[PDB]
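protein_22.tsv follows; it contains TSV, C-alpha atoms and all ligand atoms.
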```tsv
chain	number	residue	atom	x	y	z
U	1	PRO	CA	-20.56	8.01	-14.04
U	2	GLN	CA	-17.52	8.41	-16.29
U	3	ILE	CA	-14.43	8.91	-14.12
U	4	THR	CA	-11.22	10.41	-15.47
U	5	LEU	CA	-7.91	9.51	-13.92
U	6	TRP	CA	-6.05	12.77	-13.29
U	7	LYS	CA	-7.07	12.19	-9.64
U	8	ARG	CA	-7.29	9.00	-7.60
U	9	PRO	CA	-10.70	7.37	-8.31
U	10	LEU	CA	-11.87	7.58	-4.72
U	11	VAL	CA	-15.52	6.91	-3.93
U	12	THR	CA	-17.70	6.58	-0.88
U	13	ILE	CA	-18.62	3.05	0.15
U	14	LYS	CA	-20.96	1.67	2.81
U	15	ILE	CA	-19.97	-1.56	4.57
U	16	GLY	CA	-21.20	-2.86	7.91
U	17	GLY	CA	-23.54	0.12	7.90
U	18	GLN	CA	-20.54	2.48	8.04
U	19	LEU	CA	-19.41	4.98	5.42
U	20	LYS	CA	-15.82	4.84	4.20
U	21	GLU	CA	-13.73	6.06	1.27
U	22	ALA	CA	-12.18	3.49	-1.08
U	23	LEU	CA	-10.14	3.37	-4.27
U	24	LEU	CA	-11.54	1.85	-7.49
U	25	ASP	CA	-8.62	-0.41	-8.32
U	26	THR	CA	-8.65	-2.29	-11.61
U	27	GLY	CA	-5.26	-3.80	-10.76
U	28	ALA	CA	-6.68	-5.56	-7.70
U	29	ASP	CA	-8.25	-8.97	-8.13
U	30	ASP	CA	-9.77	-8.71	-4.65
U	31	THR	CA	-11.33	-6.08	-2.42
U	32	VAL	CA	-9.13	-5.31	0.57
U	33	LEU	CA	-10.18	-2.93	3.36
U	34	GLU	CA	-8.24	-1.53	6.30
U	35	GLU	CA	-8.77	-3.26	9.63
U	36	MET	CA	-12.29	-2.75	10.92
U	37	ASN	CA	-14.97	-4.53	12.95
U	38	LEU	CA	-17.29	-6.27	10.48
U	39	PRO	CA	-20.26	-8.52	11.24
U	40	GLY	CA	-20.03	-11.93	9.62
U	41	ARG	CA	-18.05	-15.14	9.81
U	42	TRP	CA	-14.49	-14.99	8.47
U	43	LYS	CA	-11.53	-17.26	7.70
U	44	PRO	CA	-7.85	-16.30	7.67
U	45	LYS	CA	-6.15	-16.01	4.27
U	46	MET	CA	-2.93	-14.67	2.75
U	47	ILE	CA	-2.76	-12.20	-0.15
U	48	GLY	CA	0.25	-10.77	-1.98
U	49	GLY	CA	0.75	-7.26	-3.28
U	50	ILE	CA	3.65	-5.26	-4.65
U	51	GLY	CA	5.64	-5.44	-1.38
U	52	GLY	CA	4.93	-8.94	-0.18
U	53	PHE	CA	2.22	-10.95	1.54
U	54	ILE	CA	-0.10	-10.02	4.39
U	55	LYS	CA	-2.58	-11.95	6.54
U	56	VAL	CA	-6.21	-10.92	6.03
U	57	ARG	CA	-9.65	-11.93	7.29
U	58	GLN	CA	-11.82	-13.16	4.43
U	59	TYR	CA	-15.51	-12.28	4.75
U	60	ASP	CA	-17.77	-14.02	2.25
U	61	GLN	CA	-20.99	-12.66	0.82
U	62	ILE	CA	-20.77	-9.19	2.39
U	63	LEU	CA	-23.18	-6.41	1.44
U	64	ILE	CA	-21.25	-3.36	0.25
U	65	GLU	CA	-22.51	-0.31	-1.62
U	66	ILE	CA	-20.09	1.47	-3.94
U	67	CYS	CA	-20.95	4.99	-5.10
U	68	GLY	CA	-24.64	4.16	-4.95
U	69	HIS	CA	-24.35	0.69	-6.55
U	70	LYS	CA	-24.99	-2.38	-4.43
U	71	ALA	CA	-22.75	-5.43	-4.43
U	72	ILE	CA	-22.51	-8.61	-2.38
U	73	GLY	CA	-19.23	-10.49	-2.33
U	74	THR	CA	-15.88	-11.27	-0.80
U	75	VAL	CA	-14.20	-8.60	1.29
U	76	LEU	CA	-10.70	-9.01	2.69
U	77	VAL	CA	-9.81	-7.10	5.87
U	78	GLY	CA	-6.24	-6.55	6.96
U	79	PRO	CA	-3.24	-4.20	7.05
U	80	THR	CA	-3.58	-2.74	3.57
U	81	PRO	CA	-2.36	0.87	3.21
U	82	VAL	CA	-5.54	1.80	1.29
U	83	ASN	CA	-9.15	0.62	1.05
U	84	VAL	CA	-9.22	-0.90	-2.43
U	85	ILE	CA	-12.27	-2.02	-4.42
U	86	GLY	CA	-11.09	-4.89	-6.60
U	87	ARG	CA	-12.43	-6.53	-9.73
U	88	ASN	CA	-14.62	-8.99	-7.83
U	89	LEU	CA	-16.89	-6.07	-6.92
U	90	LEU	CA	-16.15	-3.75	-9.86
U	91	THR	CA	-17.77	-6.34	-12.13
U	92	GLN	CA	-20.88	-6.38	-9.95
U	93	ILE	CA	-21.39	-2.64	-10.36
U	94	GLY	CA	-20.92	-2.91	-14.10
U	95	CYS	CA	-17.55	-1.15	-14.24
U	96	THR	CA	-15.52	-1.10	-17.47
U	97	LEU	CA	-12.37	0.58	-18.67
U	98	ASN	CA	-12.76	2.63	-21.84
U	99	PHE	CA	-10.35	4.49	-24.16
I	1	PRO	CA	-11.96	-0.29	-26.86
I	2	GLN	CA	-14.14	-1.23	-23.90
I	3	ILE	CA	-12.50	-3.61	-21.44
I	4	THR	CA	-14.62	-5.60	-18.99
I	5	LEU	CA	-13.12	-6.64	-15.65
I	6	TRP	CA	-14.00	-10.33	-15.43
I	7	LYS	CA	-10.30	-10.98	-16.08
I	8	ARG	CA	-7.20	-8.91	-15.40
I	9	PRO	CA	-7.10	-5.95	-17.85
I	10	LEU	CA	-3.87	-6.92	-19.55
I	11	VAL	CA	-2.91	-5.17	-22.80
I	12	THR	CA	0.19	-5.22	-24.99
I	13	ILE	CA	2.61	-2.33	-24.49
I	14	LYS	CA	5.80	-1.34	-26.33
I	15	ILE	CA	8.64	0.21	-24.30
I	16	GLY	CA	12.40	0.34	-24.82
I	17	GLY	CA	11.97	-1.66	-28.02
I	18	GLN	CA	10.23	-4.53	-26.21
I	19	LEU	CA	6.66	-5.82	-26.38
I	20	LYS	CA	5.23	-6.73	-22.98
I	21	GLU	CA	1.92	-7.39	-21.24
I	22	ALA	CA	0.80	-4.87	-18.63
I	23	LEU	CA	-2.17	-4.16	-16.38
I	24	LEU	CA	-4.31	-1.08	-16.95
I	25	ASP	CA	-4.37	-0.14	-13.26
I	26	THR	CA	-6.57	2.70	-11.96
I	27	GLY	CA	-5.24	2.01	-8.46
I	28	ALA	CA	-1.66	2.80	-9.44
I	29	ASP	CA	-0.56	6.45	-9.24
I	30	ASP	CA	2.62	5.60	-11.18
I	31	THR	CA	3.68	3.18	-13.89
I	32	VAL	CA	5.85	0.32	-12.62
I	33	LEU	CA	7.51	-2.21	-14.90
I	34	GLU	CA	9.21	-5.52	-14.20
I	35	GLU	CA	13.01	-5.54	-14.16
I	36	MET	CA	14.51	-4.39	-17.45
I	37	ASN	CA	17.72	-2.66	-18.51
I	38	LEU	CA	16.63	0.75	-19.80
I	39	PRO	CA	19.23	3.29	-20.93
I	40	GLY	CA	19.63	6.75	-19.46
I	41	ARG	CA	19.71	8.46	-16.11
I	42	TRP	CA	17.41	7.46	-13.27
I	43	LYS	CA	16.87	8.22	-9.59
I	44	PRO	CA	15.85	5.82	-6.82
I	45	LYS	CA	12.32	5.75	-5.40
I	46	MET	CA	10.31	3.68	-2.93
I	47	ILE	CA	6.70	2.74	-3.64
I	48	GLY	CA	4.37	1.06	-1.18
I	49	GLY	CA	1.32	-1.11	-1.46
I	50	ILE	CA	-0.03	-4.30	0.03
I	51	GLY	CA	2.83	-6.11	1.74
I	52	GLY	CA	5.10	-3.08	2.02
I	53	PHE	CA	7.56	-1.19	-0.22
I	54	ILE	CA	9.83	-2.03	-3.14
I	55	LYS	CA	12.80	0.03	-4.31
I	56	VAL	CA	12.58	1.08	-7.95
I	57	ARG	CA	14.45	3.13	-10.55
I	58	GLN	CA	12.65	6.21	-11.84
I	59	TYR	CA	13.14	7.11	-15.49
I	60	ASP	CA	11.65	10.34	-16.87
I	61	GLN	CA	10.15	11.06	-20.28
I	62	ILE	CA	10.01	7.43	-21.41
I	63	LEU	CA	7.99	6.62	-24.55
I	64	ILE	CA	5.40	3.87	-24.13
I	65	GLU	CA	2.81	2.71	-26.66
I	66	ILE	CA	-0.24	1.25	-24.90
I	67	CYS	CA	-2.60	-0.83	-27.02
I	68	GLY	CA	-1.80	1.35	-30.04
I	69	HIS	CA	-1.93	4.68	-28.17
I	70	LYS	CA	1.33	6.59	-27.67
I	71	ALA	CA	2.30	8.03	-24.31
I	72	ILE	CA	5.34	9.58	-22.68
I	73	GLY	CA	6.08	10.02	-19.01
I	74	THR	CA	7.65	8.74	-15.82
I	75	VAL	CA	8.28	4.99	-15.70
I	76	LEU	CA	9.48	3.10	-12.61
I	77	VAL	CA	11.48	-0.13	-12.99
I	78	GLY	CA	12.01	-2.66	-10.25
I	79	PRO	CA	11.24	-6.13	-8.85
I	80	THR	CA	7.49	-5.91	-9.31
I	81	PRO	CA	5.71	-9.18	-10.15
I	82	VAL	CA	3.58	-7.50	-12.81
I	83	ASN	CA	3.86	-4.66	-15.31
I	84	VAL	CA	1.50	-1.88	-14.14
I	85	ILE	CA	0.27	1.01	-16.27
I	86	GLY	CA	-0.67	3.71	-13.80
I	87	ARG	CA	-2.74	6.87	-13.95
I	88	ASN	CA	0.12	9.05	-15.19
I	89	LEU	CA	-0.11	7.25	-18.55
I	90	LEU	CA	-3.75	6.12	-18.47
I	91	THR	CA	-4.84	9.74	-18.70
I	92	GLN	CA	-2.64	10.23	-21.77
I	93	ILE	CA	-4.41	7.49	-23.72
I	94	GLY	CA	-7.84	8.78	-22.73
I	95	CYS	CA	-8.78	5.95	-20.34
I	96	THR	CA	-11.83	6.33	-18.11
I	97	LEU	CA	-13.73	4.18	-15.62
I	98	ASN	CA	-17.41	3.79	-16.47
I	99	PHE	CA	-20.35	2.34	-14.54
T	1	LIG	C1	-2.65	-1.33	-3.42
T	1	LIG	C2	-2.86	-0.15	-4.39
T	1	LIG	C3	-3.29	1.13	-3.62
T	1	LIG	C4	-1.52	0.19	-5.07
T	1	LIG	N1	-1.04	-0.84	-6.04
T	1	LIG	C5	-1.76	-1.02	-7.36
T	1	LIG	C6	-2.77	-2.18	-7.22
T	1	LIG	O1	-3.59	-2.25	-8.34
T	1	LIG	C7	-1.95	-3.49	-7.14
T	1	LIG	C8	-1.32	-3.83	-8.50
T	1	LIG	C9	-0.65	-5.23	-8.32
T	1	LIG	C10	-1.22	-6.48	-8.99
T	1	LIG	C11	-0.63	-7.85	-8.83
T	1	LIG	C12	0.62	-7.99	-7.97
T	1	LIG	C13	1.24	-6.76	-7.30
T	1	LIG	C14	0.63	-5.38	-7.50
T	1	LIG	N2	-2.89	-4.54	-6.83
T	1	LIG	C15	-2.96	-5.26	-5.56
T	1	LIG	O2	-2.18	-5.10	-4.67
T	1	LIG	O3	-4.00	-6.18	-5.53
T	1	LIG	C16	-3.98	-7.16	-4.38
T	1	LIG	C17	-5.21	-7.21	-3.93
T	1	LIG	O4	-5.93	-8.17	-5.05
T	1	LIG	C18	-5.01	-9.02	-5.45
T	1	LIG	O5	-4.89	-9.02	-6.96
T	1	LIG	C19	-3.72	-8.45	-7.30
T	1	LIG	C20	-2.78	-8.53	-5.99
T	1	LIG	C21	-3.66	-8.55	-4.95
T	1	LIG	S1	0.62	-1.11	-6.08
T	1	LIG	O6	0.90	-2.07	-7.14
T	1	LIG	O7	1.06	-1.40	-4.73
T	1	LIG	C22	1.27	0.45	-6.62
T	1	LIG	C23	1.40	0.74	-8.09
T	1	LIG	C24	1.90	2.10	-8.48
T	1	LIG	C25	2.30	3.12	-7.42
T	1	LIG	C26	2.20	2.82	-5.99
T	1	LIG	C27	1.67	1.43	-5.55
T	1	LIG	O8	2.59	3.83	-5.31
T	1	LIG	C28	2.77	4.98	-6.29
T	1	LIG	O9	2.81	4.44	-7.52
```
Just dump the structure as structure tokens.
Amino acid sequence: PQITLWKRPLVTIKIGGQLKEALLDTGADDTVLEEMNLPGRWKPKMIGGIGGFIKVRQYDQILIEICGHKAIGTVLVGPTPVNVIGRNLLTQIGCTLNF
Amino acid sequence: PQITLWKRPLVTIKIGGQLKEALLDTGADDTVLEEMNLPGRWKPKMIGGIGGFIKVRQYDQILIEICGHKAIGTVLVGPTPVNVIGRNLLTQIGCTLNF
């Protein structure tokens, strides 16, 4: 699809077999999801945003489907205010910015 | 142009007479610029993301040229680590997400 930006670019995702809503976020290097139970091994990591740094659980090689497009990659889980889909997965679904 | 997302989508902007690098950020509702001394009236605002909130100064009807495309709108200035072009100006330059 071609998505305009007068509204938040929110899309449905599927992760861990569960449906969620997430924001397509070209300003995010990484994909960061609100706290949830997720099957897979994880390691603790720190990530910084506009307000400071938070602790997250890093899950490697996670299956995640984004608006019908399948990806497999790193998903960070922690106290983010919003589920954000970052560039690590936006590249996998072939996403570009155009103007 | 078409901008792939392998790397951060940094473009050159012109604002307040200065050339700067800024992120084309679909996850940002508002445009937020690193500390600079703009003229004119402003009002305080708090914006939140990963890590919490930062206090910023809100300037209205600011002219910004983004990769050769002119825009005018609300610009927030504060201790952000990165210059962020948000959806309020991305729509004005005709920017879409495509996949
Ligand atoms: C978290 C999302 C919902 C909001 N953010 C825009 C993001 O694109 C932000 C933009 C951002 C980029 C770099 C540093 C700080 C902010 N990126 C970010 O936090 O990404 C983190 C996750 O991946 C990592 O790569 C970048 C930081 C890490 S933001 O910068 O906090 C932000 C910008 C404009 C706003 C706002 C919040 O509230 C209203 O107007």
- Task: Skip residue 84 in chain U itself and residues of its chain fewer than 5 positions away, then list as a PyMOL selection string all residues within 12 Å of it, counting all atoms listed in the file.
- Result: (chain U and resi 8-13+20-34+49+66+75-79+89-90) or (chain I and resi 25-28+49-50)
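Among the candidates I:46, I:62, I:54, I:38, the residue lying nearest to chain U is I:54 (atoms considered: all atoms listed in the file).
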- Please report as a VMD selection string which residues of chain I come no farther than 7 Å from chain U, using only C-alpha atoms. chain I and resid 1 to 6 23 to 27 48 to 54 80 87 91 93 to 99
- Query: Hey, can you check how far CA of residue 58 in chain I sits from atom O2 of ligand LIG 1 (chain T)?
  - Reply: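 A separation of 20.0 Å between them.
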- Message: One decimal, in Å: what's the spacing between CA of residue 68 in chain I and CA of residue 15 in chain I?
- Response: 12.0 Å
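Each of I:65, I:35, I:56, I:18 was checked against ligand LIG 1 (chain T) using all atoms listed in the file; the smallest atom-to-atom distance is that of I:56.
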- Coordinates-based distance that separates atom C22 of ligand LIG 1 (chain T) from CA of residue 74 in chain U (Å, one decimal):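 Taking CA of residue 74 in chain U as the start and atom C22 of ligand LIG 1 (chain T) as the end point, the length is 21.6 Å.
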- Would you mind telling me which residue in I:61, I:73, I:83, I:37 lies nearest to ligand LIG 1 (chain T) when using only C-alpha atoms and all ligand atoms?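 Closest to ligand LIG 1 (chain T) of all the choices is I:83.
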Would you place a box with edges along x, y and z of the file around all atoms of ligand LIG 1 (chain T) listed there, add 3 Å to each of its six sides, and report the centre and edge lengths in Å to one decimal, as lines of an AutoDock Vina configuration file?
```
center_x = -1.6
center_y = -2.0
center_z = -6.2
size_x = 14.7
size_y = 20.0
size_z = 11.6
```
Can you fill out range 80-91 of chain I with N, CA and C atoms and hand it back as a tab-separated table (two decimals), in the frame of the given file?
```
chain	number	residue	atom	x	y	z
I	80	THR	N	8.91	-5.68	-9.40
I	80	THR	CA	7.49	-5.91	-9.31
I	80	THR	C	7.13	-7.23	-10.00
I	81	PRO	N	6.12	-7.94	-9.49
I	81	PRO	CA	5.71	-9.18	-10.15
I	81	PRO	C	4.90	-8.99	-11.40
I	82	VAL	N	4.48	-7.76	-11.69
I	82	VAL	CA	3.58	-7.50	-12.81
I	82	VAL	C	3.91	-6.12	-13.38
I	83	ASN	N	3.71	-5.97	-14.69
I	83	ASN	CA	3.86	-4.66	-15.31
I	83	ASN	C	2.55	-3.91	-15.09
I	84	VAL	N	2.65	-2.68	-14.56
I	84	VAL	CA	1.50	-1.88	-14.14
I	84	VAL	C	1.51	-0.55	-14.88
I	85	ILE	N	0.46	-0.29	-15.65
I	85	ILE	CA	0.27	1.01	-16.27
I	85	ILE	C	-0.59	1.84	-15.33
I	86	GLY	N	-0.01	2.91	-14.80
I	86	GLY	CA	-0.67	3.71	-13.80
I	86	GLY	C	-1.30	4.96	-14.40
I	87	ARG	N	-1.88	5.77	-13.51
I	87	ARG	CA	-2.74	6.87	-13.95
I	87	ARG	C	-1.97	7.93	-14.73
I	88	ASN	N	-0.67	8.07	-14.47
I	88	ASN	CA	0.12	9.05	-15.19
I	88	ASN	C	0.09	8.80	-16.69
I	89	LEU	N	0.01	7.54	-17.12
I	89	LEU	CA	-0.11	7.25	-18.55
I	89	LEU	C	-1.53	6.91	-19.01
I	90	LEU	N	-2.37	6.41	-18.10
I	90	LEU	CA	-3.75	6.12	-18.47
I	90	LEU	C	-4.48	7.38	-18.92
I	91	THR	N	-4.18	8.52	-18.28
I	91	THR	CA	-4.84	9.74	-18.70
I	91	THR	C	-4.42	10.15	-20.11
```
